[PDB]
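**Q** Protein sequences, first through last, are from chains G, B, D and H.
Okay, so the first sequence: first residue is 466 according to the entry's author numbering, each after it adds one.
Okay, so the second sequence: first residue is 4 according to the entry's author numbering, each after it adds one.
Okay, so the third sequence: first residue is 3 according to the entry's author numbering, each after it adds one.
Okay, so the fourth sequence: first residue is 373 according to the entry's author numbering, each after it adds one.
No residue lacks a Cβ here, since even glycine has one placed at the ideal position from N, Cα and C.
Below you will find the structure I want to go over with you.
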Amino acid sequence: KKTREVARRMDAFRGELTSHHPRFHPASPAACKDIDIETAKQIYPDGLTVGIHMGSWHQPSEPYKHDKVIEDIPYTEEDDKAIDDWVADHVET
Amino acid sequence: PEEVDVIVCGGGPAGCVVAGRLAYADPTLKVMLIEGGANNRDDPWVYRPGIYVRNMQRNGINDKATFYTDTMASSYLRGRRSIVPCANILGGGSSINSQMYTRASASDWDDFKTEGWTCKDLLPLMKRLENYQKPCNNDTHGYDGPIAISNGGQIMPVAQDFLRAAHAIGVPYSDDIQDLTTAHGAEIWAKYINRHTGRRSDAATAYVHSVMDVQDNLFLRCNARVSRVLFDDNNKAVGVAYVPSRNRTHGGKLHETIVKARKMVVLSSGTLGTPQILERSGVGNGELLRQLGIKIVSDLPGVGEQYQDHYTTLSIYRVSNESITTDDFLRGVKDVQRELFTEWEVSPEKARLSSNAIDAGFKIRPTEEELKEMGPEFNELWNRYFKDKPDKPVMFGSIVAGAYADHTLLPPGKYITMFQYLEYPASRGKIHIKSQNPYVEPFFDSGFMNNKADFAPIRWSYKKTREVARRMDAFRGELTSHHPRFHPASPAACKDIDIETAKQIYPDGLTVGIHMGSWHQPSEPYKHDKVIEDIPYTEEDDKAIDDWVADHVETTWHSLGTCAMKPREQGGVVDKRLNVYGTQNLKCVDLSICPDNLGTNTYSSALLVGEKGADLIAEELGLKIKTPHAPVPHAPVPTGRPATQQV
Amino acid sequence: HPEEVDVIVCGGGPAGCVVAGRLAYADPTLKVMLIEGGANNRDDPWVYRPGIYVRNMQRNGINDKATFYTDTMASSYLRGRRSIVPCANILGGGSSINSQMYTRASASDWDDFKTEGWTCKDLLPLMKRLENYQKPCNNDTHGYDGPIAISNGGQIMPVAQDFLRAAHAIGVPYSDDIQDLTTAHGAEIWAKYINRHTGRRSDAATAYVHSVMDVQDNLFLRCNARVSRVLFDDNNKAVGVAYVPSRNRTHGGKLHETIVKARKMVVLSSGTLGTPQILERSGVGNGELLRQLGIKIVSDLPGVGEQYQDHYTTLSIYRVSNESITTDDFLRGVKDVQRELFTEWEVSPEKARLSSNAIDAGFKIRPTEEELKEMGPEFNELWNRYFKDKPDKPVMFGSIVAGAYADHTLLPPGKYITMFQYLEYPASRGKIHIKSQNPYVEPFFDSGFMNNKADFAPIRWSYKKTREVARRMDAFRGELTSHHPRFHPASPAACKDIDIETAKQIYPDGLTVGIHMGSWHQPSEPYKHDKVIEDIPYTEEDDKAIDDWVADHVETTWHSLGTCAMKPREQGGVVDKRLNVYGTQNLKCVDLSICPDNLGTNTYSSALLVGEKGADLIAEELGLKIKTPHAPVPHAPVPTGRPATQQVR
Amino acid sequence: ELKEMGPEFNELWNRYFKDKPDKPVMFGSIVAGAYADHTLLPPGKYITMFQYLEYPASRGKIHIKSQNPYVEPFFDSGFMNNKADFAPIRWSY
Ligand SMILES: Cc1cc2nc3c(=O)[nH]c(=O)nc-3n(C[C@H](O)[C@H](O)[C@H](O)COP(=O)(O)OP(=O)(O)OC[C@H]3O[C@@H](n4cnc5c(N)ncnc54)[C@H](O)[C@@H]3O)c2cc1C
Ligand SMILES: Cc1cc2nc3c(=O)[nH]c(=O)nc-3n(C[C@H](O)[C@H](O)[C@H](O)COP(=O)(O)OP(=O)(O)OC[C@H]3O[C@@H](n4cnc5c(N)ncnc54)[C@H](O)[C@@H]3O)c2cc1C
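The structure is reproduced here in structure tokens:
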């Protein structure tokens, strides 16, 4: 949580790689916010696939603004469970 | 001109058949086709089949689709607002669709329970429209019609690989799964593509452009969005008003132009388009019309309601790097695009790009043993809808020789995706305008998964198509990221890319093979002689799949039923001849009229409603439809007999 | 090669080509010679590939497909500048090198020639006769077994429908055909003089001349041969012609003439610029001018070379987004872009991007009563006496080029569209006169542009309108400050240039993008689909900055006409109603020189028609029946005589 | 060159430079490239003449608008609010 609050406040921050994060319920206000459309389009600007919704694989971040007022992520008892599970699944030497 | 005979609002498949047939039938009949989207004539980002995928991008550039979002988050989709695009371009879906050739079954048309729409009623018309350019062991296909149907320029090795795995799991092979009788089998999947020219069979070129080249009596107006149908004192459709496609006038004012219609007004603006035109025209739900301030012409609460679709799931599998797939093309790798664009130009009759790269599939239907483990509420549906309707499949399944997914959320390497849709869903949605102004977003609700029956078949399809993936030669694993959230220790949990495939992706990579993070369970390196067993699934494995369906089920753009052809007292909107109730000289002819679903990608269905719709108007105007239709641009001269490929 | 033939056609432009080919085809016995100042154009890939037309106007010491006429004197009406007027120096003339926009004059234009045999009604069959119309329309006013192929090319550009949506949004109506002889106010997808099947430029040389020379042996072609003068009889009968090298490259530049005689007829088809010069130095023109030059008078026709008329072109340039398809990079010489288009054209020309002029939409327009008031005294006066009672005449023409038509040497990086504009019937009038009897010396010239105050307002008004189009387009990312009128920087009219985002794309690794220092442009706010848009208001000072921008940047449109006008002699005319030069026998001008007044159209159609009309006039004087169709045109498919689709490859 | 610089700079010259002969009026240098946004420049190569007025008569100010240290201050460069400054820059051009 602490390091996530750090991430979200970085000038570089453009989102959370959903695939490598806890299994939050999609509706959960803690759910991952992945890459934004503007960052994507730079990666494959000639690509035919960038910005296809179909699959609902990721909740896209909103484009970056230095102004964005930043409130801390609220986590439920449910969310805490998903981080726990994520910790047992992905903790290492 | 200010006044014509027949105005056809919306140039989708349906609207193109009507407008074309009628202008070619009597050259003194003036007909205007008003189409909100751009003209598609001789556009390489239309006529070349293998770029179709770009058309669903919400990148703020692509203007060839209008996207509807649910007004409200659905509980049934675990809090997510569904997105449902449709075509916004001349030829409708047919100018941007996946180009998959598929036909509904015989019982589907019979089950409209409507006179003139039996299967035996529409068999002639199903054939009237086709230019079938591929072998089959039956006589259900048409050989002198305007729409070309073929196996494309070049079939992908993975399709035959799929076909083999499908054999392994007890699904039989067929010459033709689109013979109106087939609910359960596997085929090489055809396309709306012309074998010889390598061009996409859009309906505008086939039925409209063709006629515009030989005659003066068919008028086309594109970039014109139909606001409303104008009515008489006596509810006779009298004309139409259209606006600019872009609301870009001085200070966003409403610049309507009106065109009168001496004889007929056809709404062919699609399942999502037609109800809105009706609604702002004063045909729809009295209360809604009252609140928005619209004069009630016909109180038809069926308008906007009983939205139906097919419910897609997209199961993505990692494959070998020597596999031939579309991924690098879709990424925009320069010399890969250059190669295929070039190739298509020089020899379109064999070009990879003369394909949608969706080259095999099945229609399937569960055994009794399969039924048992699908729970009560489907089993109910089954006994009431499927049990003694044996030509209706439950699930479509096909292999895309590439990842149909945002590659910006995909690891490197090649993929294939098992593109799946639910054939006859019980779930229902609706669509209603929120203003008279034709630019305000309507209320909308997909309604997906709001009936609990629809989960079991899609769960079954996930598992089943995974068995087909697992047994392929190309199979190098399952993409954890894009699959269900099984427990890591469940036999059901995904086995992602092996260490050997990975090493080819990045031979000078520094992170290929680092365990640290445990983000995947590596597949073992491929073996030809590996015995392969079914994945067992538990009750909690099962819950994970339902979760994944709820999280990742999508439209299949097969939208229909918003103006059901059934009696007015049943929630109807059109009579047996597609007249709108409580009105004169006004017909809905597009997919809006379907009172139930069809086991098919619905382009074939759209054109056929088009043809039947042409016949109906034609008998009313005392016109005789011409066969064959006006020659289709760029196309070889067709014989009208089954034939092979020319030099 | 013969020293004597029956007919000599002097100048192988469209008109000269129609004449030369139609008559030689009319009678296999009739020896006809076509004498053309410039080089032969046959199967030249820098002619027949339409998409390279732009270069034909390079003043770069290599290109020689053009002659450039400069105003002898500076003009106070162009704020001191010396107008430059090019024209073709190649077989086929304009048709070999032009921009290839198919446009047709309104019906009154012809009726208004006030001459019998030249009514719209008289000419309509001949309009159809020359056309191989290869595109849809909702009328029957086109032709379908003619030599000259007309279509929408291989591929229309997206900015063309972009333009059409914007056009609709400001109140210019869509139409299937703005070339129906009827339309003064409407927007269409603009067609081209390109064969949709072969992807080749429909030049007048291959259509009328090369056709015939491939099947017969009575059509002679002398290229690279400037026609100095016409040789006369004791009674002013044209008896033959003298011609010289294009290059005065003889030993000590001694003049080298070659005389070839005409038994029956001499036609001058050397253009609005060329034809008058052959008359004057032959002894036909202003008597006092011929007298000062030592040329014996033969006929004293002071109207020779007077009444130079044109369309007056303005080019408003707008920056566009980098995911837009434009020609700019091809125009810049970017090897792999050129390599791509050249390859695409050779492989499949039926659909190639080079089988186009990339001017793929536009409109003819007419002002509202509302809009007149904003114009001035002098133009409202012209309106009243010229346009008011002539509802099929458009005031201004506007079209979108899918690129920057200008020097890329003077343009920033990025992509542009330009709003190409011309004034359809100017009041202003120029002239051209030989300075010598020697035909290598430059003649006096005065384009005349804007020497009538009435020509300012309609152009000013086009600027405002074409801008309102641009700002309403999806591709729009600002005006190009450099190449726009000199607005006060704090006028609500002042230019909004490239936005920072379009800027960062052009040079993502540049250290310079977005440096304010200099305040050289006011950036645009980045593009929004949802932008509510309102019109630009202009103050009086804004209108002056535009008027000054017109004076400074107004240019020819190569639609030159009127230098040998068809009206009675005593009204300052040069030709009969059968195009006979007054005071002469067996001598005719047929090309746009004979026009008594202007035409609201790109004038390739007009010169072809004037051509066909001459073919008739001459043929019915020689007891000669014109054939239909013409000799089949090289590389072209056997047409059908009636409307039909794109065939199989 | 004085004579052509007009009355308001001349008075400043008499009061600030007349007998301060080590003080230059203008600075000028050659940037071996365009010091401008190349996104607004044609192609090719440039040099720029960088010039600045050494001792302007014109005066600006900066003033805060709030205790909060993140809010933009009031500001006025004051550039050219004294006509004396125009002549020497014109002379530099
Ligand atoms: C991305 C995509 C993929 C699909 N893939 C396949 C496939 O592979 N195979 C298959 O068989 N089917 C496919 N479908 C489904 C199929 O294309 C549709 O079922 C079919 O096009 C329906 O035809 P229609 O006339 O009912 O309406 P549509 O095809 O949707 O066309 C309706 C037209 O109405 C116009 N319009 C709408 N509102 C207005 C208005 N107010 N005024 C004026 N014009 C208006 C639109 O611009 C559009 O042109 C696909 C469709 C899409 C969009
Ligand atoms: C760059 C350009 C762009 C334009 N674009 C378009 C367009 O997009 N659409 C359109 O409709 N129209 C266009 N036009 C206008 C159209 O092409 C001209 O109006 C038309 O070519 C003029 O026809 P003409 O027969 O009157 O004379 P010309 O075409 O000018 O032919 C005159 C010929 O005589 C030759 N000649 C000149 N003097 C002599 C001499 N003394 N002896 C021998 N030969 C001589 C010349 O080489 C030339 O071949 C354009 C023209 C140009 C040059």
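#1: Ignoring anything shorter than 4 residues or poking outside the region 77–151 of chain D, list the alpha helix (DSSP H) runs there in chain order.
#2: Excluding the 5 residues flanking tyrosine 418(H) on each side, which residues of the same chain have their C-beta closer than 7 Å to its C-beta?
#3: Please go through the region 463–488 of chain B and give each complete alpha helix (DSSP H) segment of 4 or more residues, from N-terminal end onward.
#4: Starting from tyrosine 388(B), trace the alpha helix (DSSP H) in both directions and tell me its first and last residue.
#5: Answer with buried or exposed for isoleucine 280(B), where buried requires no fewer than 16 other C-beta atoms within 10 angstroms of its C-beta.
#6: State yes or no: is the beta carbon of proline 441(H) nearer than 7 Å to at least one beta carbon in chain D?
#7: Got a sec, what are the start and stop residues for the beta strand (DSSP E) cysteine 12(D) sits in?
#8: In whole angstroms, what is the alpha-carbon distance linking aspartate 409(B) and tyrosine 509(B)?
#9: Looking only at its chain, what residues have a beta carbon closer than 7 Å to the beta carbon of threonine 143(B), apart from the 5 residues adjacent to it on each side?
#10: In this structure, what does DSSP give as the bridge partners for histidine 435(B)?
#11: At the level of alpha carbons, what is the spacing between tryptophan 192(D) and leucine 257(B)?
#12: For a minimum of 3 consecutive residues, which ranges assigned as the beta strand (DSSP E) are wholly contained in the region 9–47 of chain B?
#13: What is the rounded straight-line gap between the Cα of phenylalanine 389(B) and the Cα of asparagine 382(B)?
#14: Flag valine 229(D) as yes when its Cβ comes closer than 6 Å to any non-hydrogen atom of ligand 2, and as no otherwise.
#15: Give the range of the beta strand (DSSP E) segment to which residue 415(G) is assigned.
#16: In terms of residues, what are the limits of the beta strand (DSSP E) holding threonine 260(D)?
#17: Just to confirm, is the Cβ distance from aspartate 179(B) to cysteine 122(B) under 7 Å?
#18: Quick one: which residues of the region 309–322 of chain D get their C-beta closer than 8 Å to a C-beta of chain H? List them in chain order.
#19: Check whether the Cβ atoms of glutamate 426(B) and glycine 602(B) lie closer than 7 Å to each other.
#20: Mapping the DSSP letters down to three states, classify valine 246(B) as helix, strand or coil.
#21: If you follow the beta strand (DSSP E) that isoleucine 361(B) is part of, which residue opens it and which one closes it?
#22: Would you call the region 258–274 of chain D in contact with the region 524–538 of chain D, where contact means no fewer than 3 C-beta pairs closer than 8 Å?
#23: Quick one: does the C-beta of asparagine 238(D) sit closer than 6 Å to a heavy atom of ligand 2?
#24: Could you check whether the region 365–377 of chain B touches the region 430–442 of chain B, counting it as contact only if at least three pairs of C-beta atoms, one from each stretch, sit closer than 8 Å?
#25: Give the straight-line distance between the Cα atoms of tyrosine 146(B) and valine 640(B), rounded to the nearest whole angstrom.
#26: What separation, rounded to the nearest whole angstrom, lies between the Cα atoms of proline 598(D) and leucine 611(D)?
#27: Please find out if some non-hydrogen atom of ligand 1 comes closer than 6 Å to the beta-carbon of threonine 605(B).
#28: Any chance you could list the beta strand (DSSP E) runs of at least 3 consecutive residues sitting entirely within the region 523–608 of chain D, in chain order?
#29: Can you give me the C-alpha to C-alpha distance between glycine 287(D) and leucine 356(D), rounded to a whole angstrom?
#30: Output, in sequence order along the chain, the residues in the region 244–257 of chain B whose CB is closer than 7 Å to any CB in chain D.
#31: To the nearest angstrom, how far is it from the Cα of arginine 293(D) to the Cα of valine 232(D)?
#32: Can you grab the Cα-Cα spacing for the pair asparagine 238(D) / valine 576(D), in whole Å?
#33: Any idea which residues DSSP pairs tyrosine 320(B) with across the strands?
#34: Comparing the CB of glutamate 348(B) with every heavy atom of ligand 1, is any distance shorter than 6 Å?
#35: Identify the contact partners of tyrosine 407(H) in chain D, using a Cβ-Cβ distance below 9 Å as the criterion.
#36: Comparing C-alpha positions only, which one of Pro460(D), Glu325(D) and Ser323(D) sits nearest to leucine 384(D)?
**A** Quick look at the numbers:
#1: Taking only runs of at least 4 residues, the alpha helix (DSSP H) segments lying wholly in the region 77–151 of chain D are 96–99, 109–113 and 122–131.
#2: Closer than 7 Å at Cβ, skipping near neighbours: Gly405 and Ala406.
#3: If we require 4 residues or more, the region 463–488 of chain B turns out to have no alpha helix (DSSP H) run fully inside it.
#4: Here the alpha helix (DSSP H) through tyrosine 388(B) covers 378–388.
#5: By the C-beta density criterion, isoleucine 280(B) is buried, having at least 16 other C-beta atoms within 10 angstroms.
#6: By the rule that beta-carbons nearer than 7 Å mark a contact, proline 441(H) does not touch chain D.
#7: Judged by DSSP secondary structure, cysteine 12(D) falls within the beta strand (DSSP E) whose first and last residues are 6–12.
#8: Each residue's alpha carbon lies about 21 Å from the other.
#9: In its chain, beyond the 5 residues on either side, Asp182 and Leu183 have a beta carbon closer than 7 Å to the beta carbon of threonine 143(B).
#10: Per DSSP, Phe446(B).
#11: Approximately 27 Å, taken between the alpha carbons.
#12: Counting only runs of 3 or more residues that sit fully inside the region 9–47 of chain B, the beta strand (DSSP E) segments are 34–38, in chain order.
#13: Distance from the CA of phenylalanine 389(B) to the CA of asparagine 382(B), rounded to the nearest whole angstrom, comes to 9 Å.
#14: Result yes, Cβ under 6 Å from ligand 2.
#15: Outside the displayed span of chain G (466 to 558) sits residue 415(G), for which this structure offers no information.
#16: In the DSSP assignment, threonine 260(D) falls within the beta strand (DSSP E) that extends over 260–270.
#17: Not closer than 7 Å, so no.
#18: The residues in question: there are none.
#19: Yes, Cβ-Cβ distance for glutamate 426(B) and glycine 602(B) is below 7 Å.
#20: Reduced to three states, the DSSP call for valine 246(B) is strand.
#21: Per DSSP, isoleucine 361(B) belongs to the beta strand (DSSP E) from 361–367.
#22: Judged by pairs of C-beta atoms under 8 Å, the region 258–274 of chain D does not touch the region 524–538 of chain D, as fewer than three such pairs exist.
#23: Short note on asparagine 238(D): C-beta not closer than 6 Å to any heavy atom of ligand 2.
#24: No contact exists between the region 365–377 of chain B and the region 430–442 of chain B.
#25: Spanning the two alpha carbons is a distance of roughly 12 Å.
#26: Annotation: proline 598(D) to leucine 611(D) spans about 15 Å, alpha carbon to alpha carbon.
#27: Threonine 605(B) has its Cβ nearer than 6 Å to a heavy atom of ligand 1.
#28: Counting only runs of 3 or more, we get 589–591.
#29: Each residue's Cα considered, the two are about 44 Å apart.
#30: Legend: CB atoms of the region 244–257 of chain B lying less than 7 Å from CB atoms of chain D belong to residues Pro247, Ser248, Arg249, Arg251, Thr252, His253, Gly254 and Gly255.
#31: One C-alpha to the other measures close to 18 Å.
#32: Note on geometry: alpha-carbon atoms of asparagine 238(D) and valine 576(D) lie some 15 Å from one another.
#33: Per DSSP, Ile419(B) and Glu481(B).
#34: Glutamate 348(B): no, Cβ never under 6 Å from ligand 1.
#35: Neighbourhood of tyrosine 407(H) in chain D, by CB distance below 9 Å: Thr514, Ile517, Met519 and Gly520, in chain order.
#36: Of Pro460(D), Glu325(D) and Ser323(D), the residue nearest in Cα terms is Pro460(D).
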